[PDB]
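Engineer:
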Amino acid sequence: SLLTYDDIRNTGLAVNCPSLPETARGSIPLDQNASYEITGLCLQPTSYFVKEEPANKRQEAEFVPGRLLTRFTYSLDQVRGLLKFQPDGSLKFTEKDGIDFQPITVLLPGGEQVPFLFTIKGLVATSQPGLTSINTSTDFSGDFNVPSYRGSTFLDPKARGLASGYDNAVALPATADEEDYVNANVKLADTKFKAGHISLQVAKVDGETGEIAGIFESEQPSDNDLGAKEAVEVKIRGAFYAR
Amino acid sequence: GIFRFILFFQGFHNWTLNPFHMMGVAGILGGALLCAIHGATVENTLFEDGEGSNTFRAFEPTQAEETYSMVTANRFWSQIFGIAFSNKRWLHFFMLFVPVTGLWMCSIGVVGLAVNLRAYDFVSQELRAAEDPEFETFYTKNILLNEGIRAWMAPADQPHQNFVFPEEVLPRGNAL
Amino acid sequence: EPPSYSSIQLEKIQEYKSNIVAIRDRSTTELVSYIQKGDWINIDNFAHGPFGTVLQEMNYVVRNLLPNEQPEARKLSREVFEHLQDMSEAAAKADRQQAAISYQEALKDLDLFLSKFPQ
Amino acid sequence: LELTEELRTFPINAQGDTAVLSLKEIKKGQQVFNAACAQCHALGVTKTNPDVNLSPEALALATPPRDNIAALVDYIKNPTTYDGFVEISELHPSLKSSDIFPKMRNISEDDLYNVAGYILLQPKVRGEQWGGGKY
Amino acid sequence: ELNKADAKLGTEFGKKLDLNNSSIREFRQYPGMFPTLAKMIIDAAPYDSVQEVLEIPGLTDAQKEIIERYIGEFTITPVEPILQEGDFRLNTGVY
Amino acid sequence: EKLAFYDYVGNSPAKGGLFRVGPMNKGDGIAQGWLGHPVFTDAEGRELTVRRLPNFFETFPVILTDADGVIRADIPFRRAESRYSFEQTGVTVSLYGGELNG
Amino acid sequence: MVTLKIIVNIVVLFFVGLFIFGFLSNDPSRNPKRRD
Amino acid sequence: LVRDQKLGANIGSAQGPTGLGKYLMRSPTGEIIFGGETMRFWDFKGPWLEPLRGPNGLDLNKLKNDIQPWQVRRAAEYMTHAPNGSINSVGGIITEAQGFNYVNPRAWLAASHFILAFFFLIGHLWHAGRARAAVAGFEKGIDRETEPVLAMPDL
Amino acid sequence: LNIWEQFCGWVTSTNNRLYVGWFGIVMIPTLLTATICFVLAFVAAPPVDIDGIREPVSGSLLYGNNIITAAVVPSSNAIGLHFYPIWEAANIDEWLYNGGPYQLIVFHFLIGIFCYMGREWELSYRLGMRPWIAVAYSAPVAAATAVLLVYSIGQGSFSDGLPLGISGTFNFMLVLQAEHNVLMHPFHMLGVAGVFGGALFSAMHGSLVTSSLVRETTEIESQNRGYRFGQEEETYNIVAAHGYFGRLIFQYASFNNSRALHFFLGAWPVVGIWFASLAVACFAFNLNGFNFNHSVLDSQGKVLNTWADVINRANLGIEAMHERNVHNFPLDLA
Ligand code: CLA
Ligand code: CLA
Ligand code: CLA
Ligand code: CLA
Ligand SMILES: CC(C)=CCC/C(C)=C/CC/C(C)=C\CC/C(C)=C/CC/C(C)=C/CC/C(C)=C\CC/C(C)=C\CC/C(C)=C/CC/C(C)=C/CC1=CC(=O)C(C)=C(C)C1=O
Ligand SMILES: CC(C)=CCC/C(C)=C\CC/C(C)=C/CC/C(C)=C/CC/C(C)=C/CC/C(C)=C/CC/C(C)=C/CC/C(C)=C/CC/C(C)=C/CC1=CC(=O)C(C)=C(C)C1=O
Ligand SMILES: CCCCCCCCCCCCCCCC(=O)OC[C@H](CO[C@@H]1O[C@H](CS(=O)(=O)O)[C@@H](O)[C@H](O)[C@H]1O)OC(=O)CCCCCCCCCCCCCCC
Ligand SMILES: CCCCCCCCCCCCCCCC(=O)OC[C@H](COP(=O)(O)OC[C@@H](O)CO)OC(=O)CCCCCCCCCCCCCCC
Ligand code: HEM
Ligand code: OEX
Ligand SMILES: [Ca+2]
Ligand SMILES: [Ca+2]
Ligand SMILES: [Cl-]
Ligand SMILES: [Cl-]
Ligand SMILES: [Fe+2]
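Residue numbers (PDB author numbering), protein chains in the order written: chain OD, 31 to 273; chain DD, 177 to 352; chain QD, 29 to 147; chain VD, 26 to 160; chain UD, 37 to 131; chain BD, 307 to 408; chain ID, 1 to 36; chain CD, 305 to 459; chain AD, 11 to 344.
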């Protein structure tokens with residue numbers, strides 16, 4: 031195909047791949063201290079696949095296994111967002127403010143669990159190294175967002191067991207009722223580590239792309255388990271324009 | 177009025193999935209095949225005593241020779257189903273037996289429901305419905321549906337106790 | 029047969045003309061830059077969208093305006109549609125100067141409708 | 026009760042007075058309620074905007090208040106939001122928008138006068154009715 | 037481990053509306069707050085003060101007149117990452 | 307405590323199923339002590355009680371009502387539009403008599 | 001799996017192929033009476 | 305969705321009641337589709353929202369600022385005119401009270417042929433028995449004397 | 011003689027132990043694949059996500075559940091109505107998590123009984139029987155293809171189908187009573203009239219010939235022995251069984267001739283159940299049973315309760331509780 035022409039962009043999987051620019055790493059668009067016609071499209075087809083596994087046999091049992099995506103091809107997010115700001119010296123801020131984000135992926139590693147991974151972009155506030163004119167297909171964007179939960183205050187288990195409404199702590203064992211331990215269902219506003227690079231950076235349509243490295247928390251299914259750690263690394267697929 | 181008493185016995189007792197009711201579904205639906213499959217083969221093996229084109233002309237009631245084959249019908253069902261009624265009696269005794277012992281097993285279930293020995297609960301499959309949100313099954317999906325009965329229709333079914341409910345005590349799943 | 033459209037034009041027909049005049053000054057936009065540079069199916073966004081509301085809107089010249097000049101005003105409102113059939117169906121042609129002269133026809137009829145019928 | 030006259034009294038105008046309504050105009054007001062006031066106002070709930078119920082707990086709170094049926098035939102003449110800020114005659118059947126919503130052509134003012142009288146007689150005779158309806 | 041939802045319901049969020057993690061149909065209970073007035077309230081200023089609103093950009097002086105009619109019917113609660121999260125303010129679970 | 311033991315749902319012979327097999331002490335364990343009788347008061351008094359769970363239920367939703375029958379408190383299943391919850395009403399428990407008196 | 005898809009697609013066309021010219025070769029002449 | 309736009313909450317950020325997007329999640333093959341229970345009809349290609357179909361699917365550049373007042377009021381009419389009937393005239397959800405009547409004659413004609421489509425498979429099968437026994441001569445039953453199964457060998 | 015005619019001459023032969031003949035050559039492979047996959051996935055399938063959001067429900071015997079639960083659980087709402095073979099998923103673990111193996115034992119099982127339809131016709135032409143027994147097997151095939159296929163078409167996805175297991179079925183039926191109301195629908199009510207009629211007429215016809223049996227044994231042995239199989243003389247007299255039932259009910263309303271009797275034995279459940287099969291097939295397009303909600307009323311307009319809204323107060327509850335996470339918008343019309 032030459033271009034995609036959306037009716038041929040049906041179930042053939044030429045569809046979950048946003049803007050891939052041409053091989054030209056020599057575009058320096060040279061912004062200054064002002065506002066922007068803030069950036070587009072921004073977002074990622076999240077896969078290489080790398081996951082840290084929980085130790086439980088203490089201080090050893092690090093050293094990542096791989097994983098298999100046991101579900102379909104909607105590890106993606108799309109077009110909005112990314113208020114860009116240039117602060118007082120370097121460090122070249124990046125604000126997301128209202129993008130389409132958080133798809134949810136399920137994987138299984140060797141070990142037969144199904145941890146629910148969360149690729150979240152909730153309020154990245156991205157720092158940056160020392161003094162850049164503009165991105166040169168070399169510079170490193172790295173910070174964290176805040177992640178959301180799995181139970182977004184209504185996801186019941188199969189005995190209707192949530193905090194936010196929904197039948198406190200027991201239904202059917204009426205005399206062993208208030209003894210179980212898994213009914214504290216509290217939400218959190220975390221911060222972690224994430225990195226995102228840049229590699230291609232075209233000049234005319236002015237879309238910049240390059241690698242990412244996201245390190246998240248896993249599911250807490252209204253607080254049963256502790257989180258696992260997942261190194262999700264893929265291309266960013268941004269698009270930039272400005273005032 | 178029977179249809180209320182049906183959905184009474186779903187919610188307040190779980191009259192499905194106790195085993196004494198489930199033999200009765202094997203009684204009636206097993207009874208409904210054995211009159212359907214026996215109604216077929218006597219109209220599939222017939223014996224050319226008429227010369228007209230409908231079959232039940234010139235069948236005498238005072239006729240000693242038997243109007244269906246049973247030799248071709250046994251040869252039919254030994255091949256298709258693999259098992260076949262190899263004598264013409266106990267084909268009729270089985271058609272007596274299969275819905276009568278269906279209702280008798282169904283009759284001794286509701287006497288357990290009379291003193292409401294329901295067997296709605298499994299002794300297993302509930303403690304890790306309590307401890308474990310990762311344990312996800314149809315039975316615990318089904319047992320919350322019966323809670324959808326017992327707090328929704330019970331103020332309107334029985335106004336004897338004057339049950340009145342303030343509309344956030346009722347189990348609502350979501351936006352519905 | 030009613031000459032006096034006191035509230036009949038001033039609430040209805042001067043909002044009938046006002047909504048498609050508002051698409052009209054906008055219309056030198058991304059849509060001309062779609063047929064300038066390189067966006068095939070966002071023209072079919074526009075023809076069934078912002079020009080989908082240029083026509084379903086421009087439909088009740090029957091239901092509000094002057095029934096003697098109604099049958100001559102149907103085909104004025106039909107030629108603006110039927111030229112814009114050539115706009116969305118030259119997107120499968122993949123050659124955007126059959127659609128460009130189709131868009132210049134929408135200068136000849138939309139504002140000619142907007143010059144006409146102040147009644 | 027027999028549906029007597031003095032339970033069918035309700036204030037028909039702004040804040041000062043009422044009127045008595047006879048029996049047969051309610052039943053064609055019921056008939057036009059099941060024709061045009063119908064697909065988005067079954068049981069008083071509003072299926073497209075789910076918390077704009079026709080309960081008089083909530084019909085009083087939309088300003089200026091929608092209990093006066095001369096105001097309520099004005100609010101089908103000129104529909105609005107709860108504050109009277111913008112018209113929603115894009116999005117609502119009206120007589121201002123009869124060219125948009127074609128069902129409002131075969132109707133009159135007095136054919137709206139009884140369906141305004143119908144719609145608040147229904148919570149006068151039931152509590153659950155013209156309410157959330159979950160219970 | 038107070039399950040983080042009913043504890044917020046005790047501190048005046050169950051009593052009155054709160055402008056920080058209040059539902060949109062809580063504003064329906066007062067005459068004159070729904071959609072075109074509570075849109076600027078719930079998106080912009082859940083900050084720290086019962087008197088900081090009436091000074092948000094986006095409303096007129098006629099729009100703040102309805103605010104001063106029922107000004108003493110809310111207290112600002114501290115923010116919540118259980119109840120503001122999820123886009124829960126504009127579309128709740130009750131319909 | 308013998309009179310208190312006969313006023314228990316868990317000695318009424320309705321509950322128990324067909325295949326929940328064994329003694330009643332496999333259902334509750336051994337009865338240790340009464341720990342009194344609950345008396346529920348609001349911030350105002352307004353005394354209110356629980357007399358609920360009839361026999362052919364399994365999971366009765368908890369309601370708290372006054373002398374004539376108007377509900378004053380419950381357990382809110384959906385805490386978006388609660389108006390009769392425990393926390394806004396501020397119900398206290400007076401546990402009178404028994405093991406855990408006062 | 002695309003290696004598997006053809007192997008399943010052979011055996012459907014084998015069995016339905018041996019059904020569609022199964023009946024095509026006399027199938028009203030093995031009806032144990034006249035013209036058997 | 306667009307009711308929400310008037311309210312102003314940002315569509316993309318919000319996670320439904322269950323982790324997924326309340327409004328705009330992604331289908332298994334990449335098309336940004338409507339969320340909720342609408343994942344079954346992610347192949348919907350009617351005349352409205354074809355001006356919301358972007359390159360991938362429902363594009364969020366044009367899902368905001370390009371909804372038209374004609375566009376929503378068709379879908380407002382099509383929401384309440386869903387195919388949901390009673391037997392008689394009752395419309396909408398079965399649980400819902402019969403305030404208004406509309407059977408939606410898509411549905412009311414779709415089942416009516418399926419009565420007749422299945423019944424014509426009954427009689428076709430039941431004529432194919434008599435037609436195959438017409439040339440074979442035992443449409444009136446098997447013979448007394450030359451029974452063909454007694455000629456067949458034992459099992 | 012001929013090599014390909016050596017085939018057609020074994021497959022169509024009538025002296026095999028089981029008849030695999032021309033309908034059987036589509037049936038026997040595509041039923042054994044439906045047998046072997048179902049028996050394997052009854053015990054060892056992973057959890058499968060029926061509702062289509064995230065949470066995977068378990069239906070296999072190594073995951074702690076018993077016989078009376080735990081279907082091979084149907085496909086996901088995400089895949090909808092799309093054809094989902096085993097070769098479209100990127101691995102096998104993607105296939106089993108997304109409700110894979112149900113479409114292996116629906117699309118094989120349904121074509122495995124539609125060729126069991128014609129196989130019963132085929133042997134009746136392979137003998138001299140009058141072939142009218144496949145039309146009796148369209149009565150439970152349409153019972154097994156309305157709910158597996160046809161209800162899974164018009165309702166939407168393949169998630170709304172029968173979960174083929176014993177207490178997966180019971181979760182389906184309460185949803186169908188919830189979602190569109192099975193009981194107040196006359197085509198279901200014509201079905202149980204065939205079934206309860208077929209319940210009685212099995213124990214009516216089967217009783218009375220067992221009653222009117224002639225004496226050929228003595229007391230000590232079984233009375234089911236005194237005749238040989240395939241004899242020409244009857245084991246019972248129809249003339250004594252006629253006027254027993256003629257003296258129990260109307261004498262005019264008995265069945266004098268047995269070939270008219272056995273047709274009505276083969277009529278009443280068979281014509282009954284494909285109304286009930288056509289009930290779910292006309293339920294599939296959301297043409298539902300009627301509501302008498304708010305039907306009778308005072309001259310006020312105050313709502314009088316009937317049995318039908320007591321039905322609906324039970325039917326509101328399962329509708330407001332089934333699929334308890336997916337519904338974000340207040341109508342369950344999908
Ligand atoms: C596949 C579906 C299926 C099947 C086949 C059955 C089968 C059966 N169910 Mg069942 N059931 C099912 C699903 C099913 N169930 C489901 C999903 C539910 C909801 C959970 C129930 C709930 C249910 C209940 C609540 C009960 C049954 C009962 C029964 C039994 C029927 C008893 C009967 O016919 O007596 C028929 C009635 C009589 C024989 C009484 C005598 C009446 C005489 C014979 C008739 C009088 C004639 C006279 C002239 C009047 C006629 C004229 C009139 C028109 C005016 C039978 C075993 C019953 C049972 O097992 O209890 C023992 C019962 O009480 N079912
Ligand atoms: C065609 C598919 C199918 C099959 C195979 C079954 C099978 C069964 N159903 Mg069922 N059911 C079906 C469709 C089906 N149903 C439908 C469409 C509905 C309505 C929605 C129901 C509603 C229903 C109810 C309400 C109940 C059952 C019950 C039962 C069980 C005993 C009934 C019985 O004796 O049947 C009579 C038929 C025969 C005796 C002929 C022999 C057929 C046997 C029973 C099949 C065994 C099934 C097994 C999986 C086969 C394994 C073979 C192996 C080689 C793979 C049995 C497991 C009852 C139950 O739970 O009992 C345990 C019960 O209460 N079903
Ligand atoms: C009617 C007489 C009677 C009574 C009421 C009871 C009642 C009880 N016994 Mg007891 N028991 C009995 C006879 C009886 N038993 C007999 C005859 C024996 C000797 C075998 C025992 C031996 C015994 C022991 C060893 C113990 C009890 C215990 C108990 C108590 C616990 C509850 C329980 O086990 O229920 C369970 C009941 C069931 C699971 C119901 C069974 C239903 C059957 C299986 C249905 C059969 C259907 C049939 C197969 C289908 C027919 C086929 C069809 C084709 C016709 C309970 C009070 C326990 C206790 O508390 O003692 C300290 C205990 O440890 N019992
Ligand atoms: C008191 C016992 C009793 C009686 C009289 C009935 C009677 C009936 N039930 Mg019912 N039912 C019963 C118990 C009973 N049931 C129980 C215990 C349950 C389980 C809880 C059910 C569950 C049940 C369901 C789920 C349904 C029925 C339905 C029906 C009706 C049709 C059934 C049918 O055709 O049977 C088959 C038998 C025959 C056709 C033989 C003929 C019997 C008829 C009824 C007698 C005719 C008498 C005649 C008209 C009187 C005049 C005399 C004449 C000589 C002039 C019928 C009125 C169905 C319905 O809706 O229909 C309205 C239906 O859906 N019943
Ligand atoms: C006060 C005092 C002292 C009074 C007593 C003295 C006195 C004055 C008496 C007079 C009063 C009086 C006589 C009557 C008044 C009471 C009265 C009216 C009672 C009627 C009540 C009533 C509703 C009766 C009708 C119900 C009834 C009995 C039957 C229902 C009949 C019906 C509609 C359907 C039956 C189903 C049916 C057709 C079954 C047959 C089908 C079938 C498969 C048969 C099987 C079969 C048939 C065969 O044919 C043979 C061969 C064999 C093999 C065989 O399998
Ligand atoms: C991994 C795997 C395999 C999992 C499978 C597990 C699973 C999901 C399901 C299986 C579980 C299961 C079987 C549950 C059912 C349990 C249950 C209820 C059992 C019944 C037990 C019980 C006490 C029931 C009480 C009622 C009772 C006795 C019912 C019996 C039912 C029964 C045997 C019905 C017979 C049905 C049948 C085959 C009828 C056809 C008869 C037949 C072959 C006629 C042929 C024939 C006809 C003629 O006309 C003539 C002339 C001749 C000559 C002739 O021959
Ligand atoms: C206004 C109401 C709605 C109108 C629309 C519907 C109209 C329906 C009209 C039907 C016309 C045909 C009826 C007879 C069919 C027939 O050939 O029977 C032939 C046999 C034999 O009759 C035999 O008939 C012989 C006479 S002769 O040979 O046919 O000439 C003779 O031997 C003797 O009389 C007898 O043994 O009739 C019977 O067996 C008696 C049973 C009653 C008639 C058959 C009904 C079939 C079962 C009921 C189905 C109900 C459906 C729902 C079930 C849950
Ligand atoms: C695809 C083609 C092949 C089909 C494969 C499946 C065929 C299975 C046939 C049933 C086997 C024989 C059973 C009766 C054993 C038997 O020998 O029957 C014999 C009996 C005939 O007996 P006779 O006429 O020989 O009796 C002579 C008298 O003297 C009596 O003693 O047939 C029947 O009664 C049929 C009715 C019961 C049939 C019950 C069917 C049960 C189905 C399976 C249910 C359990 C499954 C459990 C799964 C978890
Ligand atoms: C002629 C018939 C109708 C009448 C009399 C009518 C009446 C009303 C009234 C009186 C209100 C305001 C209620 C209040 O303030 O509490 C209202 C609101 C509303 N009606 Fe209707 N209505 C009609 C038809 C419809 C139809 C067909 C729809 C569906 C398209 C609809 C959708 C709405 C909506 C969406 C609102 C809420 C406006 C908002 O979102 O703010 N109405 N209607
Ligand atoms: O999910 Mn299965 O299901 Ca028979 O409905 Mn519609 O969607 Mn739900 O509903 Mn009520
Ligand atoms: Ca009108
Ligand atoms: Ca609150
Ligand atoms: Cl559910
Ligand atoms: Cl929804
Ligand atoms: Fe017989």
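Every residue gets a Cβ at the ideal spot worked out from N, C-alpha and C, and that includes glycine.
1) Secondary structure at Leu55 of chain UD, three-state DSSP: helix, strand or coil?
2) In or out: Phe424 of chain CD buried (at least 16 other Cβ within 10 Å) or exposed?
3) By a C-beta neighbour count over all protein chains shown, 10 Å radius and 16 as the cutoff for buried, is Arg448 of chain CD buried or exposed?
4) Run down chain DD in chain order and give the residues with a C-beta less than 7 Å from the C-beta of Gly69 of chain VD.
5) Closest to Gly441 of chain CD by C-alpha separation, out of DD:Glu227, DD:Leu193, DD:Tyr296 and DD:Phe252, would be which residue?
6) At a cut-off of 7 Å, is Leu223 of chain AD close to ligand 5 when judged by its beta-carbon and the heavy atoms of the ligand?
7) Under 8 Å between C-beta atoms, does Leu113 of chain OD make it to chain UD?
8) Closest by CA to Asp197 of chain OD, which one among DD:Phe341, DD:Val340, DD:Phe339 and DD:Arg348?
9) Using a Cβ-Cβ distance under 8 Å, would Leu137 of chain AD count as near chain ID?
10) Would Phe392 of chain BD be called buried (16 or more neighbouring beta carbons within 10 Å of its own) or exposed?
11) Residues in the same chain with beta-carbon distance under 6 Å from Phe341 of chain DD, minus the five sequence neighbours each way, listed in chain order, please.
12) Would you identify the three-state DSSP class for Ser148 of chain AD, choosing helix, strand or coil?
13) Applying the criterion that 16 or more other CB atoms from any shown protein chain within 10 Å of the CB defines a buried residue, is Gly361 of chain CD buried or exposed?
Structural biologist: Looking at the coordinates:
1) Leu55 of chain UD falls in the coil class under three-state DSSP.
2) exposed
3) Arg448 of chain CD is exposed by the Cβ-count criterion.
4) Ordered by position in chain DD, no residue passes the 7 Å Cβ test against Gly69 of chain VD, which lies about 15 Å from the chain.
5) The candidate whose alpha carbon is nearest that of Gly441 of chain CD is DD:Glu227.
6) no
7) no
8) Residue nearest to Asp197 of chain OD within the set DD:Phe341, DD:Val340, DD:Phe339 and DD:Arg348 is DD:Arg348 (criterion: CA-CA distance).
9) yes
10) buried
11) Close CB contacts of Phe341 of chain DD within its chain, under the 6 Å cut and outside five residues either way in sequence, are with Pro331 (chain order).
12) helix
13) buried
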